[PDB]
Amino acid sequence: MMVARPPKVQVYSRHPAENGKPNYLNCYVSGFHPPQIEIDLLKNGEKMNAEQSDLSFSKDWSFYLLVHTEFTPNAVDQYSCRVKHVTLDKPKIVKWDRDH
């Protein structure tokens, strides 16, 4: 079976962001198949230590995962989420911004 569904990626904070205030950074990856995937939160381009949810799926059978960790936003550091999957000919990178 040749089905291969590309992932949707959202990068966002738990609470509205404010500089110098401890918060949580989330990378939600959904709608994908097959289930093999690599999801990395990045800080200034380097992998962060992050926790990953147990594999689950939706009514259409497609899979989803949450990758998350603590962070304290500021005006200097850059954050993003990098995803690798059979449907992606180069990694998908989504930048975090406080307006989405």
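From 1 onward, residues are counted along the sequence shown.
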73-81 versus 5-13 - greater average Cα B-factor per the deposited record: 73-81
Stretch with the greater mean C-alpha B-factor as recorded in the entry, comparing 82-90 against 21-29: 82-90
For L55, the third of its chain into which the C-alpha B factor falls: highest
Chain third (lowest, middle, highest) by recorded CA B-factor, residue given as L42: middle
